[PDB]
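Notes for the one structure printed next.
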Amino acid sequence: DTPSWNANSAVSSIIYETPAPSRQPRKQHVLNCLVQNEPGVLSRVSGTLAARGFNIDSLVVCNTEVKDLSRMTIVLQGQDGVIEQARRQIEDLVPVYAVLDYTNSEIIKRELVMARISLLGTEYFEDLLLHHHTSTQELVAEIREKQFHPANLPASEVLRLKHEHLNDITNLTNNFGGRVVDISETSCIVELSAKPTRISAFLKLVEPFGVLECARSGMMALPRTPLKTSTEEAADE
Amino acid sequence: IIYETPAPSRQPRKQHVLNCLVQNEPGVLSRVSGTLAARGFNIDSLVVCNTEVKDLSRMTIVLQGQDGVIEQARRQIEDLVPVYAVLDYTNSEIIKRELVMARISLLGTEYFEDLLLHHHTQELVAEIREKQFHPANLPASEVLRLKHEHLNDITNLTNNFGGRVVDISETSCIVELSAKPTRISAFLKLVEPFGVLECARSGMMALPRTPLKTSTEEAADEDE
Amino acid sequence: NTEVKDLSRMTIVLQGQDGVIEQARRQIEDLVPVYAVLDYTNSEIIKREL
Amino acid sequence: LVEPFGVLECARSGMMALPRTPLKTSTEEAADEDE
Amino acid sequence: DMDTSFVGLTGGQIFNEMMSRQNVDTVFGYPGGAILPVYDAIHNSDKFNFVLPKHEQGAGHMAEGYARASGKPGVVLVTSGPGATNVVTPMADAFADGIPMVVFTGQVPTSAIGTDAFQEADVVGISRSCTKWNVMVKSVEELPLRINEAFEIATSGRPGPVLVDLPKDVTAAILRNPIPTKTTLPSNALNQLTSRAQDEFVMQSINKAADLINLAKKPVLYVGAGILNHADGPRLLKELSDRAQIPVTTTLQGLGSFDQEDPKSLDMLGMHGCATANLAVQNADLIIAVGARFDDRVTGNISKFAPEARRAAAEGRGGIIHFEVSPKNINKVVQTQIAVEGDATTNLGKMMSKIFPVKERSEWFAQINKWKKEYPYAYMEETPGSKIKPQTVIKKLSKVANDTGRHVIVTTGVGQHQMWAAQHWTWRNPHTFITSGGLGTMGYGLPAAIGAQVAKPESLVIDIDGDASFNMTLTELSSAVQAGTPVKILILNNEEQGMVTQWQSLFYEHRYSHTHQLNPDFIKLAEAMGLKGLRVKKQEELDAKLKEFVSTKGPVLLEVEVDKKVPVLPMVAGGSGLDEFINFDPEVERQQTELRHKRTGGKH
Amino acid sequence: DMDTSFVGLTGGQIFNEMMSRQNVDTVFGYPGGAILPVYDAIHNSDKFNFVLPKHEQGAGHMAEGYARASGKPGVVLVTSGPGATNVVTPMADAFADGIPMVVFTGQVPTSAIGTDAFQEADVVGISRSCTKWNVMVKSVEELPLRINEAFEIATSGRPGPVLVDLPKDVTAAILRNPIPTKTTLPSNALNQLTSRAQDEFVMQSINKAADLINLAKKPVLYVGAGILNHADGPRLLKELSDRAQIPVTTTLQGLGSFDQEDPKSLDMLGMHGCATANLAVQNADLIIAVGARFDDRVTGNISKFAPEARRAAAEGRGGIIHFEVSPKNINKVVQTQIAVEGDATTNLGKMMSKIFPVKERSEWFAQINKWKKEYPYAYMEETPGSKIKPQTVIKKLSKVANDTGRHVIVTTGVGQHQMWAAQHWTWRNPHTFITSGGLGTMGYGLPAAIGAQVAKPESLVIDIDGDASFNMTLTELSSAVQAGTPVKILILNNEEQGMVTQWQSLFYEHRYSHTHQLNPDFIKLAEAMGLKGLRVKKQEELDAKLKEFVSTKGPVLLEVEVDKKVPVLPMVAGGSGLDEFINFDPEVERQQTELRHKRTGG
Ligand SMILES: Cc1cc2nc3c(=O)[nH]c(=O)nc-3n(C[C@H](O)[C@H](O)[C@H](O)COP(=O)(O)OP(=O)(O)OC[C@H]3O[C@@H](n4cnc5c(N)ncnc54)[C@H](O)[C@@H]3O)c2cc1C
Ligand SMILES: Cc1cc2nc3c(=O)[nH]c(=O)nc-3n(C[C@H](O)[C@H](O)[C@H](O)COP(=O)(O)OP(=O)(O)OC[C@H]3O[C@@H](n4cnc5c(N)ncnc54)[C@H](O)[C@@H]3O)c2cc1C
Ligand SMILES: Nc1ncnc2c1ncn2[C@@H]1O[C@H](COP(=O)(O)OP(=O)(O)OP(=O)(O)O)[C@@H](O)[C@H]1O
Ligand SMILES: Nc1ncnc2c1ncn2[C@@H]1O[C@H](COP(=O)(O)OP(=O)(O)OP(=O)(O)O)[C@@H](O)[C@H]1O
Ligand SMILES: COC(=O)c1ccccc1CS(=O)(=O)NC(=O)Nc1nc(OC)cc(OC)n1
Ligand SMILES: COC(=O)c1ccccc1CS(=O)(=O)NC(=O)Nc1nc(OC)cc(OC)n1
Ligand SMILES: Cc1ncc(C[n+]2csc(CCOP(=O)(O)OP(=O)(O)O)c2C)c(N)n1
Ligand SMILES: Cc1ncc(C[n+]2csc(CCOP(=O)(O)OP(=O)(O)O)c2C)c(N)n1
Ligand SMILES: [Mg+2]
Ligand SMILES: [Mg+2]
Ligand SMILES: [Mg+2]
Ligand SMILES: [Mg+2]
C-alpha cells in the first residue's frame, strides 16, 4: 500500500525544498578577444590580466581556421565597471583587434570533460584514495572490512557490480549528451561537452562512483540568435 | 481471461471536449470560467492556448454529462461577445495532449513513507526506519546503486510513454511527459510507488487530425 | 492539477518592477483559498510550454 | 523556423515551471571564501 | 474607418455628442466625483431631458420603465464606488427580464486603479454576472467605439443591460487623434456572414413547423415577451390566431400582446394562472412557443409539463415549436422538436403562406369553454360588514381606467397584488403592463412608473404597489414631483408581506416570522413628498374615490386598506403539475380563517 | 473530529443554533421565498434579536454600525434575487473600511441553479470582488462548517465582509449524519510551519523600529483605524505618545482613538484635515504608521508626501515605520523603511519599554502649537444679520450632547457635513465615530445610527446627516420606531449637494449640473413615519432646538437650514501636496460669493 500526500503536508514540503538565494546578484561575465597570432600573444594577454588582479576563471585560446587569427574566451567575475575596465585593458594591446562582451548576450557555452571513473565501487575508491594519501593508519583495515568491498565478495559478484556501475555511469553520461569512449577491466572513460554548470552537475552525480582522473579545460563561446515569432516581433512599443 | 477482463460500474460517465475561439480582450478568462461556474457545470479543465495570431485566443474545455446538457454549455459560451465560436470535438478524431512534470524520489518507498509522515504536521516512525530497504541501516554503496536502479526504472517508464528525464539530482529526477490524460494518469500511477515529490499537470490541449483515415472506402462507400 | 486531493498549482508570469510584482504576490497570497505564493524569479527553474 | 512553410493552425500553452537545484562539485562548493 | 469629428473634444464632450448620435433624449442618473468631467459637458444640454432621482437604484429602474414603455434604451449615468454598486439591482432585473439599457458608471483615474482608491470598486467584475456585456474605457480613443458597441449589444437579439465604466482621466483628457467608431462584433457580426447556412437552414425549420401546425388537432399558442420586441409583433400574432383559429395564452411579461376579451384568449398561464390555460397546455398535442423561455413559474413541474404534447411528439403527430432569438434558451428546460431561430415576429410573417386556413375548431375549442365556466377566476367576494379586498379593487380600477379614454400604462410591485393586477385586469394593448417577473424586485413599481411617464407624458401611468413593495423605494416620490410626472400611485394595504404570508400559511403552518413591517402613514407621507394623497378605508368609499384618484391632474397617492392573508388562487406549487392546481373554495378559506386565528392566537 | 449535535435538525434549525455558538445577539435581514426554510426556524427565536428594515441595503448598513459600535460581526439574513443584490453596496462599504460582517443570502434550489431560475442571481460571482471570502453551501453537511469559516475570516487579520449563499433545498434538508465542525484554513498551515521565522522577523524588526525612534528629532504618530480593532488599542496609543512625547495625527476612520484634549494631538490630516496636521507630517523626519493604509485622501500627492521623512531616510536619520496586519498594504502606496507585521496594539506592547522616555521636545512642539495659532479650523463664522453657518452647528452640538453625561456615538453620511462633523467635534473615548470613508456611501448615516444603538442601547446615538444623503435612506425611519431605537437624527439641510457643488465651483467655473434635488418636508415626513420632527430657520432658535433634541425620549428629527455654497477648508486637491493646502480667507470667500451670483443670476 502506497501512501499519498496530504493537502497540507504537500505545501509544507514544497516551501521547505524551495532553495534560498544561493547566488550573487552578479553574473558570469564572458569576454571574447579577437587577437593576432603573433609570437607571445598568449603570454601578454595573461600577463596583463594577472598583473592587475582580475579574478579570471578560464582563458582558452581557440583557432578559427583563418591564417594568423585566434580568439580567447575569457571568463571572470566582478562589477560591470571592473569587467569593462578589464576589457579596455586587453583591447588596448596592439595584437588585439577587439574584445567582445558576451555577458549579456545569448551565447553557447561549452566545456569539455574527460574523466576516468572506477567501477569497483565506493569501498575500493575509498581504499585507493587512502593508499595514495600516505606520502610525504588503522583505517586501511576498517575500509577493507566493509560490505560490498571487492575483497569481501565472491568472484561472480564485483564483475556483476562493475557492469551495474558501468550501466549507471553510461546512463548518466547519455542523459547529459556524453559518451563512454573507453571501457577498462576496472574502470571507464567518459567524454562530455556542455554548459560549465551542466558539467559541474555531471561531475557531482558521477562523483560517488570515484573519479580517478579528470580534465575539465575551460569554456568556449559562440553567439546564438534569439528568434521570436512574427507576432512577438510586432510587439514594438 | 474471464477473471481478469475489465468491467464497468454503477452510474457511467463519458467525456466531452469543446474548443472556444475567443477575442483577447481584458477579462475573458474570468468571463468563461465564471459563466460555467455560475451554472454548476462539471468542468475538468479549461486551458487557454495562444494562437500565433494577433488578438486571438483558444480554449479547450473538458466536460462530462448527457449530450444535450453539454450542448447547453456550448451555446452558453458562444453567446458571449468576445467568443467567435465554440466547436465540439467530442465526436471527431482529435489529438489531446497534457504536460506533466514530476520530481519523483530515488530513495524508494521506505524513505517516502518517512518523508510524508515527517511533513504530516510516534511508534510507526521507528518501524518505518527499521525496514530493510530504508536508506538507514543500509550500506552507502547499496543506496548509491538503488538510487540509479530506481533512476533507470523511472527512465524506462518515461521512455516507453515517450517522455524524458530533464533533471537528475542526488535524491530525485525531474521527468517530463506530453500525452493523453488517460495516458498521463497511467504513467503517474506506474511511477507512483517510487514516490512523487512534486507534480504539475497542464490540463488538455486539443487539435483535430487532418481528416484522413481510409483509402479504398473514400469513394467506394456507396452509402448514398 | 497536482496529484494531491484539493490542491492545485498556478504559474503566473508578470512584467514590471520588483516593487510592483512583489505587491502582486502579497495581494494573491492574502486570499483565503491559497496556501502560499512563491517567487520563482532569480531562481533556477525548468520553464516549460506546449 | 517553421513559419515559412505556413502554419495553418496553432495551439500554444501558457507557461508552467518546476524548480531546479543547481548542482556544483564538492571542490566548487568548498570555495567558501566568506572572509 | 477613422473619424475627425471628436478632435479637440474631451471625454465628457464626446459623451454628450455620442448620446445624440445614438438617438437618446432621456438620461437618468446621479452625479459624483469621478463622473464630474462628464456632468460638466452635459450641463444645460439641448439634446436630452435629464432626470434626477434620490437614489441610484431609482435611476436604473426609471431607465427600465422608460425602455419598457418607449422601446428605446434606458441610459444610466452614475458615479464610481457606491454610485455604481447601487445600480446593480436594476441591472440584474433588466438582465433577467431582458430590458435594453446602457449603464454608464464613473471610475477612479486609470493611474489609481488597483490601489484600493477612494470610491473605487471592481464594477466590471461585479456587473459581469448581471449584464449582457461590460467594458472599461481605457482611453479617449476608444470612447466613441465602446459606446456604439454598448448600445448595439443592449438591443441585439434579446435586449439587455450593458455597463460602461468611465475613468476620470479618460473623460477629462482631450482627444487629438482620428479614431474608428465602428468595429465588428467577433461573436455575431462577422460570424453571421455565413448566412446561406443559416437563412436557408431556418427556412427548413419554418416549413416543418407550419406542416405540424396544420396537422395539429389541439394547438396552443404559447406567447411570451419576445413578441413585444417588435412593432408588427402583436399584429402577426393576432393574424395567426385568425388563420389557424388557435387559442393564445401569454406569460406575465406577455400580457398586452393579445386581446384578452377575445374568445381565443386563454388569459395568463403558469403558477398563478387560470386553470383554463393550464389545462389547455397539459391536453395540447402541439405547443407553439413564441418569445417565451419556459420559466419555472410557468411550467411548474417540468416532469409533468405538457404530457399530451410530449406523447404527440413520440407519435409524430405533434410536439413543441419554439421561436427564439437566442439559441441558448432552446432545449434548456423542455426538449424542442423543431426550433425556429431568429426574431419571432419576423419568422411568423414568413410562415403565413405555409399555414392552411381554418374555419372553426369544434371539439377541443368547446372543451376549453367548459373549463372557463367550471374553473374561472374565483375569490371570496365582498359582503356587508367585511372590509375591502384586492381582487375587487383591481376589477373596479380596470373599469374606471377604460372610462377615461386615455392610454393606460400599468406598473406593479412584487407580491400578491402583482398577481391580481395581472389576471383581473383586461389587457388589450401592447407595452401597457410593466412588471418585474424574472428577478421580482420590490420597489420597482414607483420608479418604473416615473420612467414610463417620461416616455409617454400623455399616458395614464398607474402604479399598483403593495405596502411592502412600496415603502422600499419610498423616496422617489420627491422625484416624481421634481420631474413633473403625473403618475398614479395605488397601494393595496393589507399591512403585511402578503406573498410570503401565503407561503407560510400553506407550507409552514401559519407561522409568520418577521413578515410584518411597520408601515408609516401614506397620506401624510405624500403630503411631505409634495403630492396630494388620498385614502379609501370603507367599502362604499371605494368607487366614489376611485375616479378622483384617476382624474387627479398630477402625482397622486391612494391607500386602499384590503383584507389580509388572502391567498392568490389558483396556485401551482410543489411537485404539482399544471393540471394539479389548487383553485378557490369558500369553505376552505373559512376554515383557514379560523385555523389562522387559532395557531397565531388571534394575532392575525 | 466530528460533531453530532445537529442530527435531526433541518438546515434552518442548524443556522439558528450557529448564532448562539458564535455569540450573535442581533440579526438584521429581510424575508423572502428562497430563504423561507431559515426564517421558519428562527421564528420567535430565543438566541438573538431581529431588526426588520424595509430595504436590504438598510440591513447591511445597520450591520456595519452594529459592528463599529460593539466590535462583533454584523449579521445579515436576506433572500435571493434582488434581496441579495441590494446588499452589494454595504458589502463594498464594509470591504473598504474593513467592517466585520457575515452576510447570509438565500438562493434557488441547487437543482435550479444555472437555469435562469426565479430570483436566481450569481451572488457568489457578483460579491466576489467586494468580499474577503464567499461560498455557496452545497449540502447541509457543510453548513455548520462554512458558517464557522465565514465568521473566522471576517474577524481574522483585517476585519471584512463575507457572504454565504443558502439554497432552499439545503436549508430544508435534514442532517442525518455526523459532520466536521472546526474550520480548515490553509493560512493556518503556512503560519504554523513558518511561525518561528515570522516570530523572529517581527521581533528583530521591532528592535530596529525602536532604534530609529530614539534617533527621531521631530517624530509624528500617524494613526489609522487599525488601532481601534483592539480593546487596549487607544490605551497603548496614548502611553506611547506620553512616553516618547510624540504628537499624534489621525485619519477619518481612526478618529476617537486619541482624545484631542491632550496637548500632543494634531487630530485629522488629509484632503480636508487641519493644516496643523498636514504640515506636521511634511516636516516630520520619522513617521510611525499605526494601522493606516495611506489613502489618496490622506496623502494628497504621493510625489511630494512627507519630504523631510524621505530626506531622513536617505540620511539614516529617520524614515517611515509601518505597523501593519496585512502585508498587502505594505509598500503599495509609499515605500517604508521598517515593516512590523501583525496587530498594531500587540506590536506596540512589545516595542514598548525598548523605547527611551522623553521629558519634552521644546522646539518641535513649539512650532506645532504655533501652527494651531496661525492655522486652525478657520471659517466664516455667522453674523447676527446672516443665515446659520453649518460649521458652528457641529461645534455647538459637540458640547451639548457631551454634557448630558451619556455615552455619545456619532454617525454621519457623506459630504461637507461629514467633514465638518469630524473637524470641530471633540473626540473623547474610542469607537464613538462611525462613518463611511473608503467607499463613501450616501444614506449611510441613518441605518448605521440605528444599528449602532442596537449594540449600545444605553448610549446616545446621534446622526449628523446631509439632505442629499438622507434622501437615499429616509425610508428606514419607521424601522427605528419598530426596533425601539431612540435615534437622534440631524439634517444640515443646505438644499443642495455641497460636496459636489464645492468641486464644481473651484474646478468647473460654478457650473452646477444637476446637484440640486427637491427635498421633501422632513418635519412632516417624520410625523408620517411616527417620529418627532423639529426644524429651525433663524439663528436664535438653534440653541433651544439642540437641547430639545438630545434630551428627547424616543426617535427625533432635527433639521437645520444652513448657508449656501460653503467650501470645506482647508483643502488639499489636484496635484498639490499636503503643505500646499487651500487656506481659508473671508475676502476671497466674498469674491467667490459675488462672482458666483454673476455666473448664475439666481
Ligand atoms: C411573484 C411572481 C410570480 C410569478 N408567477 C408567474 C406565473 O404564474 N405565470 C407567468 O407566466 N409568469 C409569472 N411570473 C413571472 C416569471 O417569473 C417570469 O418572469 C415569466 O415567465 C417571464 O415571462 P417570459 O418568459 O415569457 O418572458 P421573458 O422572461 O422576458 O423571456 C423572453 C424570451 O423570449 C426571447 N426573446 C426575446 N426577444 C425576442 C424576439 N424579439 N424574438 C424572438 N424571441 C425573443 C428571449 O430569448 C427569451 O428567452 C411571476 C413573477 C413574480 C415576481
Ligand atoms: C468625502 C470624503 C473625504 C475624505 N477625506 C479624508 C481626509 O481628508 N483625511 C482622512 O484621513 N480620511 C478622509 N476620508 C476617508 C478616506 O477615504 C479613507 O477611508 C480614510 O483615509 C481611512 O483611513 P484608515 O487607514 O484610517 O482606515 P482604513 O481604510 O480601514 O485602513 C485600513 C488599514 O488598517 C490596518 N489595520 C486594521 N486592523 C489592524 C490591526 N489590528 N493591526 C494593524 N493594522 C491594522 C489595515 O491592515 C489596513 O492597512 C474621506 C472620506 C470621504 C467620504
Ligand atoms: N542536475 C542537472 N543540472 C543541470 N543539467 C542537468 C541536470 N540533470 C540533467 N541535466 C541536463 O539538462 C538537460 C536538460 O536539457 P533542456 O532541454 O531542458 O535545457 P533547457 O530547456 O535550456 O533548460 P536550462 O536553461 O536549465 O538548461 C538534461 O537532458 C540533461 O542532459
Ligand atoms: N577498452 C577499449 N579498447 C578499445 N576500444 C574501446 C574500448 N572501450 C570502448 N572502445 C570502443 O572505442 C570506441 C572509441 O573509439 P573512437 O570513436 O574514439 O575512435 P578514435 O578517436 O580514432 O580513437 P583511437 O585513436 O583510440 O582509435 C568506443 O565508443 C568504444 O566503441
Ligand atoms: C472621486 O475621486 C476619485 O475617483 C479619485 C480616487 C483616487 C485618486 C484620485 C481621484 C480623483 S480626485 O482626487 O481628483 N477627486 C475628484 O476628482 N473628485 C472628488 N469629488 C468629490 O466630491 C464629490 C470628493 C472627492 O474626494 C474627497 N473627490
Ligand atoms: C423563490 O423561489 C425559488 O427559490 C425557486 C426558484 C426557482 C425554482 C424553484 C424555486 C423554489 S419554489 O418554486 O418552490 N418557490 C419558493 O420556494 N418560494 C417562493 N416564494 C414566493 O413568495 C415570496 C414566490 C415564489 O414564486 C412565485 N416562490
Ligand atoms: C427586494 C426583494 N425582497 C424580498 C422579496 C421577496 N418577496 C416577494 S413578495 C414579498 C412581500 C411583498 O408583499 P407586498 O409587496 O406587500 O405585496 P402583497 O403580497 O401584499 O400583495 C417579498 C418579501 C423580493 N421579491 N424582492
Ligand atoms: C451613492 C453615492 N452617490 C453619489 C456620491 C457622490 N457624492 C458625494 S457627496 C455628494 C453630495 C451629498 O451632499 P449632502 O449629502 O447633502 O452633504 P452636504 O452637501 O449636506 O454636505 C455626492 C452626490 C456618493 N459619494 N455616493
Ligand atoms: Mg538547455
Ligand atoms: Mg495511440
Ligand atoms: Mg402587502
Ligand atoms: Mg447637502
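How things are named: the first chain in the C-alpha cells is A, the next is B, and so on; residues count from 1 in each chain; ligands count from 1 in the order shown.
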
Quiz item: Within 6 Å of ligand 1, counting only C-alpha atoms and all ligand atoms, which protein or nucleic acid residues do you find, written as a VMD selection string?
Solution: (chain E and resid 97 to 98 158 224 to 227 229 251 to 254 269 to 273 291 to 295 297 to 298 323 to 326 329 343 to 344 414 to 415 436 to 438 440) or (chain F and resid 118)

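Taking only C-alpha atoms and all ligand atoms into account, the protein and nucleic acid residues that come at most 7 Å from ligand 5 are residues 32, 33, 34, 36, 80, 107, 108, 109, 112, 117, 118, 119, 120 and 168 of chain E; 271, 296, 297, 499, 500, 503, 573 and 574 of chain F.
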
Writing out the chosen residues with N, CA and C atoms as a short mmCIF file (atom, residue, chain, number, x, y, z; two decimals), in the first residue's frame:
```cif
data_model
loop_
_atom_site.label_atom_id
_atom_site.label_comp_id
_atom_site.auth_asym_id
_atom_site.auth_seq_id
_atom_site.Cartn_x
_atom_site.Cartn_y
_atom_site.Cartn_z
N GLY E 32 -21.47 62.71 -9.16
CA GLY E 32 -20.43 62.26 -8.25
C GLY E 32 -19.07 62.79 -8.64
N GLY E 33 -18.06 62.47 -7.83
CA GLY E 33 -16.72 62.99 -8.04
C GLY E 33 -16.01 62.45 -9.27
N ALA E 34 -16.04 61.14 -9.46
CA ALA E 34 -15.31 60.50 -10.55
C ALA E 34 -16.04 60.64 -11.89
N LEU E 36 -17.49 63.77 -12.66
CA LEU E 36 -17.57 65.22 -12.85
C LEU E 36 -17.27 65.72 -14.27
N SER E 80 -18.66 56.56 -9.52
CA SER E 80 -17.92 55.37 -9.14
C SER E 80 -18.31 54.88 -7.75
N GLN E 107 -15.50 56.20 -12.68
CA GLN E 107 -14.41 55.39 -12.16
C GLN E 107 -13.21 56.26 -11.80
N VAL E 108 -12.44 55.82 -10.81
CA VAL E 108 -11.20 56.48 -10.43
C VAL E 108 -10.26 56.54 -11.63
N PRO E 109 -9.34 57.53 -11.65
CA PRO E 109 -8.34 57.62 -12.72
C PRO E 109 -7.59 56.30 -12.93
N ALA E 112 -4.93 55.30 -10.62
CA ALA E 112 -5.29 54.94 -9.25
C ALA E 112 -5.95 53.57 -9.17
N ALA E 117 -8.36 52.66 -4.06
CA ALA E 117 -8.53 54.10 -4.00
C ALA E 117 -9.90 54.51 -3.48
N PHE E 118 -10.06 55.81 -3.27
CA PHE E 118 -11.31 56.38 -2.78
C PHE E 118 -12.43 56.22 -3.80
N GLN E 119 -13.57 55.71 -3.34
CA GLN E 119 -14.73 55.44 -4.18
C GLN E 119 -14.39 54.53 -5.36
N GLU E 120 -13.53 53.55 -5.12
CA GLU E 120 -13.16 52.59 -6.15
C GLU E 120 -13.78 51.23 -5.89
N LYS E 168 -11.82 58.83 -14.66
CA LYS E 168 -11.78 60.29 -14.67
C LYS E 168 -10.81 60.84 -15.71
N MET F 271 -6.95 65.49 2.89
CA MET F 271 -7.52 66.47 1.97
C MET F 271 -8.28 67.57 2.70
N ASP F 296 -5.37 57.99 -0.72
CA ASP F 296 -5.10 59.16 -1.55
C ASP F 296 -5.78 60.40 -0.98
N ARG F 297 -6.82 60.20 -0.18
CA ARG F 297 -7.48 61.30 0.50
C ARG F 297 -6.64 61.78 1.68
N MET F 499 -20.84 68.94 -1.30
CA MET F 499 -19.53 68.38 -1.60
C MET F 499 -19.24 68.41 -3.10
N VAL F 500 -20.30 68.29 -3.90
CA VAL F 500 -20.15 68.31 -5.35
C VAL F 500 -20.11 69.75 -5.87
N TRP F 503 -16.67 71.34 -5.57
CA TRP F 503 -15.76 70.98 -6.64
C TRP F 503 -16.14 71.67 -7.95
N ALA F 573 -6.22 69.46 -2.85
CA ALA F 573 -6.72 68.79 -4.05
C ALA F 573 -5.79 68.99 -5.24
N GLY F 574 -6.12 68.33 -6.35
CA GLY F 574 -5.30 68.40 -7.55
C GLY F 574 -3.94 67.77 -7.34
#
```

Exercise. Would you list the residues that come within 8 Å of ligand 12? Count only C-alpha atoms and all ligand atoms and give the answer as a PyMOL selection string.
Key: chain F and resi 415-417+466-469+492-499

Keeping only N, CA, C and O atoms, write the selected residues to a file as a PDB file, in the first residue's frame.
```pdb
ATOM      1  N   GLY F 415     -20.415  63.864   2.707  1.00  0.00           N
ATOM      2  CA  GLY F 415     -20.498  65.198   2.139  1.00  0.00           C
ATOM      3  C   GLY F 415     -19.732  66.217   2.965  1.00  0.00           C
ATOM      4  O   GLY F 415     -18.825  65.856   3.716  1.00  0.00           O
ATOM      5  N   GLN F 416     -20.093  67.490   2.825  1.00  0.00           N
ATOM      6  CA  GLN F 416     -19.462  68.555   3.598  1.00  0.00           C
ATOM      7  C   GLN F 416     -19.772  68.406   5.084  1.00  0.00           C
ATOM      8  O   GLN F 416     -18.934  68.702   5.938  1.00  0.00           O
ATOM      9  N   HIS F 417     -20.983  67.944   5.386  1.00  0.00           N
ATOM     10  CA  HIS F 417     -21.409  67.744   6.765  1.00  0.00           C
ATOM     11  C   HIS F 417     -20.564  66.665   7.433  1.00  0.00           C
ATOM     12  O   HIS F 417     -20.303  66.723   8.633  1.00  0.00           O
ATOM     13  N   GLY F 466     -26.693  64.653   5.918  1.00  0.00           N
ATOM     14  CA  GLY F 466     -26.980  65.717   4.971  1.00  0.00           C
ATOM     15  C   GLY F 466     -28.263  65.438   4.213  1.00  0.00           C
ATOM     16  O   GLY F 466     -28.722  64.302   4.172  1.00  0.00           O
ATOM     17  N   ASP F 467     -28.840  66.470   3.607  1.00  0.00           N
ATOM     18  CA  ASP F 467     -30.138  66.331   2.953  1.00  0.00           C
ATOM     19  C   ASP F 467     -30.102  65.394   1.744  1.00  0.00           C
ATOM     20  O   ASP F 467     -31.038  64.629   1.520  1.00  0.00           O
ATOM     21  N   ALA F 468     -29.027  65.457   0.964  1.00  0.00           N
ATOM     22  CA  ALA F 468     -28.902  64.600  -0.209  1.00  0.00           C
ATOM     23  C   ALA F 468     -28.649  63.154   0.204  1.00  0.00           C
ATOM     24  O   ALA F 468     -29.179  62.224  -0.403  1.00  0.00           O
ATOM     25  N   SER F 469     -27.842  62.970   1.245  1.00  0.00           N
ATOM     26  CA  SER F 469     -27.536  61.635   1.745  1.00  0.00           C
ATOM     27  C   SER F 469     -28.745  61.021   2.441  1.00  0.00           C
ATOM     28  O   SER F 469     -29.051  59.845   2.248  1.00  0.00           O
ATOM     29  N   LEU F 492     -28.407  68.747   8.316  1.00  0.00           N
ATOM     30  CA  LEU F 492     -27.835  70.037   7.949  1.00  0.00           C
ATOM     31  C   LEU F 492     -28.244  70.402   6.527  1.00  0.00           C
ATOM     32  O   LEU F 492     -27.422  70.396   5.613  1.00  0.00           O
ATOM     33  N   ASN F 493     -29.522  70.719   6.355  1.00  0.00           N
ATOM     34  CA  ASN F 493     -30.086  70.967   5.034  1.00  0.00           C
ATOM     35  C   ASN F 493     -29.586  72.257   4.392  1.00  0.00           C
ATOM     36  O   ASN F 493     -29.913  73.355   4.842  1.00  0.00           O
ATOM     37  N   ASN F 494     -28.790  72.112   3.337  1.00  0.00           N
ATOM     38  CA  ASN F 494     -28.352  73.251   2.542  1.00  0.00           C
ATOM     39  C   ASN F 494     -29.086  73.277   1.207  1.00  0.00           C
ATOM     40  O   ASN F 494     -28.780  74.088   0.331  1.00  0.00           O
ATOM     41  N   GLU F 495     -30.052  72.369   1.071  1.00  0.00           N
ATOM     42  CA  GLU F 495     -30.903  72.268  -0.113  1.00  0.00           C
ATOM     43  C   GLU F 495     -30.081  72.044  -1.379  1.00  0.00           C
ATOM     44  O   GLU F 495     -30.473  72.464  -2.468  1.00  0.00           O
ATOM     45  N   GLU F 496     -28.944  71.373  -1.229  1.00  0.00           N
ATOM     46  CA  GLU F 496     -28.057  71.110  -2.354  1.00  0.00           C
ATOM     47  C   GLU F 496     -27.031  70.033  -2.022  1.00  0.00           C
ATOM     48  O   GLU F 496     -26.935  69.579  -0.881  1.00  0.00           O
ATOM     49  N   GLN F 497     -26.267  69.630  -3.032  1.00  0.00           N
ATOM     50  CA  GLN F 497     -25.177  68.679  -2.856  1.00  0.00           C
ATOM     51  C   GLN F 497     -23.858  69.419  -2.657  1.00  0.00           C
ATOM     52  O   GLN F 497     -23.077  69.575  -3.598  1.00  0.00           O
ATOM     53  N   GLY F 498     -23.620  69.862  -1.426  1.00  0.00           N
ATOM     54  CA  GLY F 498     -22.486  70.710  -1.094  1.00  0.00           C
ATOM     55  C   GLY F 498     -21.114  70.219  -1.515  1.00  0.00           C
ATOM     56  O   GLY F 498     -20.307  70.995  -2.029  1.00  0.00           O
ATOM     57  N   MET F 499     -20.842  68.937  -1.297  1.00  0.00           N
ATOM     58  CA  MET F 499     -19.530  68.377  -1.600  1.00  0.00           C
ATOM     59  C   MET F 499     -19.244  68.411  -3.099  1.00  0.00           C
ATOM     60  O   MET F 499     -18.097  68.558  -3.520  1.00  0.00           O
TER      61      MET F 499
END
```

Quiz item: Can you list, as a ChimeraX atom specification, every protein, DNA or RNA residue that comes within 7 Å of stretch 136-152 of chain F when you count only C-alpha atoms, leaving out same-chain residues fewer than 5 positions away?
Solution: /F:11,102,162,164-166,170-171,173,175,179-183

Practice problem: Select the residues contacting ligand 4 at a distance of at most 9 Å, based on only C-alpha atoms and all ligand atoms, then format the selection as a ChimeraX atom specification. | Solution: /A:179-185,188-189

Restrict the selected residues to N, CA, C and O atoms and save them as a compact mmCIF listing (two decimals), in the first residue's frame.
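Result went into result02.txt, see below:
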```txt
# COMPACT_ATOMS: atom_id res chain seq x y z
N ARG A 179 29.28 10.42 -23.81
CA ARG A 179 29.52 9.06 -24.28
C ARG A 179 30.68 8.39 -23.55
O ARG A 179 31.60 9.07 -23.07
N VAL A 180 30.64 7.07 -23.47
CA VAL A 180 31.74 6.30 -22.90
C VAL A 180 32.70 5.88 -24.01
O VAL A 180 32.34 5.10 -24.89
N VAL A 181 33.92 6.41 -23.96
CA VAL A 181 34.88 6.20 -25.04
C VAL A 181 35.86 5.07 -24.75
O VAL A 181 36.54 4.59 -25.66
N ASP A 182 35.95 4.66 -23.50
CA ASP A 182 36.86 3.58 -23.12
C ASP A 182 36.31 2.76 -21.96
O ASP A 182 35.80 3.31 -20.98
N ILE A 183 36.41 1.44 -22.08
CA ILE A 183 35.96 0.54 -21.02
C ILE A 183 37.11 -0.37 -20.57
O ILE A 183 37.46 -1.33 -21.26
N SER A 184 37.68 -0.06 -19.42
CA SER A 184 38.79 -0.84 -18.88
C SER A 184 38.28 -2.05 -18.11
O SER A 184 37.08 -2.27 -18.00
N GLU A 185 39.21 -2.83 -17.56
CA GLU A 185 38.86 -4.01 -16.79
C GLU A 185 38.38 -3.62 -15.39
O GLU A 185 37.69 -4.39 -14.72
N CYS A 188 36.42 3.09 -16.51
CA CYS A 188 35.94 3.56 -17.81
C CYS A 188 36.16 5.06 -17.97
O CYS A 188 36.22 5.80 -16.98
N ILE A 189 36.26 5.51 -19.22
CA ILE A 189 36.48 6.93 -19.51
C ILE A 189 35.28 7.53 -20.23
O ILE A 189 34.81 6.99 -21.23
```
